[PDB]
Amino acid sequence: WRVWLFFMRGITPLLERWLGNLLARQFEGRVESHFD
Amino acid sequence: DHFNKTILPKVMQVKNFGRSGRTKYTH
Amino acid sequence: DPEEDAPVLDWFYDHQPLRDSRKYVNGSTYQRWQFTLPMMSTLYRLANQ
Amino acid sequence: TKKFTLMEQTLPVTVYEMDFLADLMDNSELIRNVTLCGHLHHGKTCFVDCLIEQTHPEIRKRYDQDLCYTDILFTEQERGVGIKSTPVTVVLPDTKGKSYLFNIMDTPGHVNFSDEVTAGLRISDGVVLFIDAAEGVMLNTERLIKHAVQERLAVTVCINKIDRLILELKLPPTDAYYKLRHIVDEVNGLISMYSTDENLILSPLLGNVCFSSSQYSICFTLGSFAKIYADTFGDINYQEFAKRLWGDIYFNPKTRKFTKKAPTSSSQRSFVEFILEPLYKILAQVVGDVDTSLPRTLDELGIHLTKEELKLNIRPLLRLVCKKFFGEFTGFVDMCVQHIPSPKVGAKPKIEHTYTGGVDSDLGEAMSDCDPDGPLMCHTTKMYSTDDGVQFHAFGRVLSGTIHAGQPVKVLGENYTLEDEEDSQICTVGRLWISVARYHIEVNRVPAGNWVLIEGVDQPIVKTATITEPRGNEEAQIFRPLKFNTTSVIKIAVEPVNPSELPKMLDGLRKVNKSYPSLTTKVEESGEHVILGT
Amino acid sequence: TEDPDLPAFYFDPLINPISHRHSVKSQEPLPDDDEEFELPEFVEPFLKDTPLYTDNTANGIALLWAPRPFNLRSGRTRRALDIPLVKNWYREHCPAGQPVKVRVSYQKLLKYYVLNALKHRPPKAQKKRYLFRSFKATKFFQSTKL
Amino acid sequence: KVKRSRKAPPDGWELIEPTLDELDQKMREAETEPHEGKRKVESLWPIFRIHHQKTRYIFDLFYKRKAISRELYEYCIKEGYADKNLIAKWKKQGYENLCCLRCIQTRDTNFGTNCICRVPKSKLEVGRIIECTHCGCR
Amino acid sequence: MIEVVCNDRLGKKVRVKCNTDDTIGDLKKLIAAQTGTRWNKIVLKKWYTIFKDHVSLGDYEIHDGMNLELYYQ
RNA sequence: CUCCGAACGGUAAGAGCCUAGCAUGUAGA
RNA sequence: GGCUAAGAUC
RNA sequence: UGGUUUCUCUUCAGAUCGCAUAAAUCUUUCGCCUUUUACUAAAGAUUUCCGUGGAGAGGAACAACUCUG
RNA sequence: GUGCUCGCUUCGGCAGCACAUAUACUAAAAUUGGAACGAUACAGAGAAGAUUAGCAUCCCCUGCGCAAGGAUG
Ligand SMILES: Nc1nc2c(ncn2[C@@H]2O[C@H](COP(=O)(O)OP(=O)(O)OP(=O)(O)O)[C@@H](O)[C@H]2O)c(=O)[nH]1
Ligand SMILES: [Mg+2]
């Protein structure tokens, strides 16, 4: 129980950035030549 | 697993370019 | 049994007196808790297994 | 300063640095130059911290971890054995307690570190050693007893860690007196090897044994515990007629008689009925039942414990109840009577065993008072280092003299100080002060008796050297070097990885030879820099 | 203590005793006793000897040598996700026999014991707090108990 | 229903046993009512109405009639017979017949005020048959 | 013993080791033991070829590693 | 000796006809 | 109109 | 001198703030490598989240039981 | 509605005093307009190429992207 409670403790800051843009697209709508 | 995997030269765990884990389980 | 576990009879059976005992008051909303000497002595008998 | 600990903004003290510390250094009759030896882990460096907490109001004691202030090196705090002795100068009052200079030096007790003990024993006078009450004698106790008696110094045993006999063994108090008598018989039996102190037998009746507990801050010497008894409405002539609690048996019929007979079938001695019987009772009343009868025992014994101290754990409340009861370490009054023979006044055989004669020119001169000798009589025996590691500092007890800031001293070497004068390399020692465990004083003058930390006169010094004034010295015989009493049999070679850094390893081997006394870096004939070790 | 029938302070049988304890020769009364015969005493002893030695001594002294959870007399908050209950015998050189599964399992459990403490030791500064408490103060959420 | 304590409730609980059982059976039948008929928040109106009558029975037995013991009063508030916050708002003289505890919240309204439930009819307008949507009634 | 990998869509891909003479009804019991569904509600398919419930694995020539597209009925 | 991998790189390309599970909640007279 | 290996180029 | 609790909001945290311990990012390293993400763990420092510590502000419950002095 | 007025003054009530002061994208609604590359039937990726290539100077979709990919002037 201790390891998987810490798995969701690390994914809860993660999934708001992972699936934050997924729930947002449904209502917002999505060399060396430079030195020369 | 039908091969004996001892005549083989050093080790062949997975020859599919994905060997992330580096272990042989003796330590 | 109520012979060796007498000070830990009612306190060691539920989670609501485990944080909100309010007897020899221990910070009712789960704060710094203070016990006695035979209270932790009967505790060490069960933890020894 | 990530090498060793140092001062922290000039920590305060109960003793005045000018009204009490300056006057004590001038008076040679109250000096009490001591040096603790102890066993390997018998609680000697922790015991010096208990004297600091009794003198200084710096309450940083054993709440969670230990408070070892004598071990200043960072390796001594990580490994926990200590590899450097540290002199501590504090004001420890006696039972009367006006002022004592208390020139103490806590030496480590590892068996391979015997060279640091022989440097401190041949420099200081007092050899008060600590014995752990749980184990008794050890291998470090047998070597230190032969080294102290051969140097013609004093001896005073002290059974430290006395809390282990009750709180860690649960021994009965009747058998505890039989075990404590087994230590004093073995210590006096081991002291009967050098037949020169047959009249000076280590006994608690003569004020030699001084009981204490370095772990839990207690002290139960026969002079100090009697004064604590008479202070609690006793009035039974403390330290005047209370010297009969050893072997004699008290009796409630004929209460004014400490007879040697045994009236009852179960009636132990007076020590296990007036001293060890409450000491086993006071530890059991706080560690056995802290919720019931704990203020009842504190009010009966006269110990006003606050509510904040009552809300502590079982370990610091035991030390706080004992510190409020006993208080000041008055047990060293017996260590000032039976031991600590007041150097520069009663230090006549000390100069006879250190100096190589010097009759009618330096024997009567160094045995005289502090001021009127004149050529500073300096002898350093330990070379410390600063925070940078380059600039060294000397350390030694001034025998008879006072060279404060300006007067330079010809650094008399080990072999360069005979009748054939090889080299002196005189330099002005202007940064000499007195040292402490963590703090460091800043004094100008330096009379005899005190331990002076002379700076700037340590660069032409690789071992225990002497310093004298060039203002008319008659070139007397220099002091003998300190016999470590252990041959460095182990030899390990050392060479740098990059061969271009050859003088960098050569300069480091010279600086390491000045720190450790037994480290004799002998360059081999094959070019391999060898290092002899214990 | 093997059993709580022995008293508080008792000479345990697993202790190497003192053999002689009769080195002195004091069968006759010593002349120091007649010298201290002029030393009167009528006061109470250094502590009040009204109680016995100790009543709850075997339970109290064994609680002093107990480890960190069973020795402090002031229990803190101590979250349920912060009391591991497995590292007490993980970093202890456990296996007496030799399973092939227990060897790598003890090595890997001691690996994350070190790695979560070797580099993962910050001072842990922070500035913000009360994440879900802002939702409770809104005009739409509501607190209850079930 | 399970008492969720199993701690031997004292005397006076048997005197209030069938009365609290009839109120609990009314709320369970109201909770099993379908969503038809109610417009948007009218289905939660019998949930607070059965809860308002359940708190009024314990408060009248403790304060008004004073027949129930304080040990049975504390056991009833702990088992869930009446909310402690609802009895606390009724202790004040300013609110004795409040509709719901949600209507007394100052942060619930968008304009930052109270509801129409906590307003007398004489101080209100003349033509108004309005009911509180959040609370349930006046 | 062939290791048939019942690799359906949307992450559901498990390995199912079965005997060569084992029937397809025994394979669905082993496929349900790694997937987490009722074995009666699993229909195996390979391009609209719904397998039967009584034909052995040795008749389809399903060798080792021959993956199947699992579906639910 | 027991360390067990997932997706993309993949089914095309088009003509005529046929049927569907979806969403907004307005100012106006 | 710029940078790319007279940009390689019969 | 005079208040046990509880909930909201304002700072600094250099104390194993955490007696235990997640994820992501950046700069360097290894193994596979076949396009890439999911990869393996050694070093260092930047966030997010699970949490916490003293000290002023506003409500509720006996604040009155009279707590230390 | 709750408690009180040395009120009328009966104790049936009346009048006054004190507290409580504006919830509600408002409905159980009315309609309004249509999208599978989804099945079925028809033919079945050419059985054939002389400019030699990229870099930066405007947007939809797959994807969680401070990786990436298709189409682009
Ligand atoms: N619990 C407890 N421990 C003690 C007591 N006395 C000494 N000790 C332990 O004994 C150890 C040894 O003391 P140190 O401070 O290291 O001094 P030392 O005896 O000279 O040992 P070294 O420094 O290694 O030479 C200390 O670390 C203490 O933990 C005591 O009374 N109670
Ligand atoms: Mg020490």
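Residues numbered from 1 in each chain as written, not as in the entry; some residues may be left out. Chains lettered and ligands numbered in written order. Part of a larger assembly, values for the part shown. Heavy atoms only, no water. Residues with missing side-chain atoms left out of burial classes, pairs and counts.

Per the PDB record, this model was obtained through cryo-EM at a reported resolution of 4.2 Å.

Enquirer: When you look at the overall build of chain D in this model, what are you seeing that I'm missing?
Expert: Counting its secondary structure elements, chain D contains 17 helices and 16 strands. In terms of overall dimensions, chain D is globule-like: its C-alpha atoms have a radius of gyration of 25 Å, near the 24 Å expected for 534 residues. Dimensions of chain D, computed from the C-alpha atoms along their principal axes, are close to 80 × 55 × 45 Å. In chain D, the share of contacts with a sequence separation of at least 24, taken over all contacts with a separation of at least 6, comes to 71%. (Helix = DSSP H or I, 4+ residues; strand = E, 2+ residues; numbered from the N terminus. Rg over C-alpha atoms; globule rule 2.2 N^0.38 Å. Contact = heavy atoms within 4.5 Å.)

Enquirer: For this particular structure, what's the right way to read the overall build of chain F?
Expert: Helices and strands together make up the secondary structure of chain F, namely four helices and zero strands. Across chain F, helices and strands are ordered from the amino to the carboxyl terminus as α-α-α-α. With respect to the principal axes defined by its C-alpha atoms, chain F has extents near 50 × 40 × 25 Å. Partitioning the contacts of chain F with sequence separation of at least 6, the portion at a separation of at least 24 is 55%.

Enquirer: Looking at this structure, how should I read the environment of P470(D)?
Expert: Residues and elements named next belong to chain D. Within the element layout of this structure, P470 appears in the loop between β14 (466–468) and β15 (490–494). Residues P470 and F130 lie 340 residues apart in sequence; the distance between their C-alpha atoms is 42 Å. Discounting chain neighbours no more than four positions away, the residues touching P470 are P408, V409 and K410.

Enquirer: When you look at the UniProt feature "domain: tr-type G" in chain D in this model, what are you seeing that I'm missing?
Expert: In the numbering used here, UniProt assigns the "domain: tr-type G" feature to residues 29–311 of chain D. Taken end to end, residues 29–311 of chain D is 34% helix and 8% strand, and its first and last C-alpha atoms sit 46 Å apart. (UniProt positions renumbered as here; feature names shortened; annotations may be inferred.)

Enquirer: Can you help me understand the interface of chain D and chain E in this one?
Expert: Interfaces are often sized by the accessible area lost when the parts come together. Taken together, the contact between chain D and chain E spans 30 residues of the former and 27 residues of the latter. For the side of chain D that touches chain E, the secondary structure elements donating two or more residues are α6 (164–167), α7 (173–190), α8 (222–231) and α10 (276–287) of chain D. A total of four residues in the side of chain D that touches chain E trace back to one element, the largest contributor, which is α10(D). Looking at the side of chain D that touches chain E, its residues break down into 16 nonpolar, five polar and nine charged. (Nonpolar A, V, L, I, M, F, W, Y, C, P; charged D, E, K, R; others polar.)

Enquirer: Please clarify how the pairing of strand β2 (residues 13–18) of chain G should be interpreted in this entry.
Expert: A regular strand carries its side chains on alternate faces of the sheet. All names here are of chain G. Examined bridge by bridge, strand β1 (residues 2–7) and β2 share six bridges and lie antiparallel to one another. Bridge assignment links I2 to a residue of β2, and that residue is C18. What sits between the antiparallel neighbours β1 and β2 is a turn of five residues, in which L10 has the positive phi angle 60°. (Pairing = 2+ DSSP bridges.)

Enquirer: Can you help me understand the sheet that holds strand β11 (residues 410–412) of chain D in this one?
Expert: By way of backbone hydrogen bonds, the strands of a sheet pair with one another, either parallel or antiparallel. Residue and element names in this part refer to chain D. Taken in spatial order, the three strands of this open sheet run β7-β14-β11, and their pairing is antiparallel. Strands at the two margins of the open sheet, each flanked by one partner only, are β7 (378–379) and β11. Relative to β14, β7 runs antiparallel, the two sharing two bridges. Note that in β14 the partner of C378 across the bridge is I467.

Enquirer: Explain the sheet that holds strand β10 (residues 396–397) of chain D to me, please; I cannot follow it from the model alone.
Expert: All names here are of chain D. Pairing is antiparallel in the open sheet, where three strands are placed in the order β10-β13-β12. Looking at which strands have only one partner, the edges of the open sheet turn out to be β10 and β12 (433–434). Bridge count between β10 and strand β13 (residues 451–453): two bridges; the pairing is antiparallel. Directly across from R397, in β13, lies its bridge partner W451.

Enquirer: Whenever I open this one, the arrangement of the chains confuses me. Can you help?
Expert: Taken together, the six pairs of chains in contact show their highest number of contacts between chains D and E. One finds no contact linking chain E with chain G; the least C-alpha distance across the pair is 24 Å.

Enquirer: Help me understand the side chain of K28(G) in this model?
Expert: Examined against the element boundaries, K28(G) turns out to sit in helix α1 (residues 24–35). Apart from residues lying up to four places away in sequence, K28(G) is in contact with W39(G), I42(G) and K52(G).

Enquirer: Is there a simple way to explain the packing of aromatic side chains in this structure?
Expert: Where two aromatic rings form a pair, the distance of their centres and the angle of their planes describe that pair. Ring centres of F59(F) and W90(F) lie 5.9 Å apart, and the angle between their planes is 65°; this geometry places the pair in the edge-to-face category. You can see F59(F) sitting in helix α2 (residues 45–64) and its partner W90(F) sitting in helix α4 (residues 84–91), a full 31 residues away along the chain. Aromatic ring contacts, followed pair by pair, group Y177(D), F211(D), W246(D) and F271(D) into a single cluster. (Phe/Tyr/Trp six-rings, centres within 6.5 Å; stacked < 30°, edge-to-face > 60°.)

Enquirer: Whenever I open this one, unusual backbone geometry confuses me. Can you help?
Expert: With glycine set apart, most residues show a phi of negative sign, and most peptide bonds adopt trans. In this structure, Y24(C) takes a positive phi of about 50° despite not being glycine. Note on placement: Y24(C) falls in the loop between α1 (16–19) and β1 (33–34). With a phi close to 55°, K170(D) is a non-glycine residue in the positive phi region. Mapped onto the elements, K170(D) comes out in the loop between α6 and α7.

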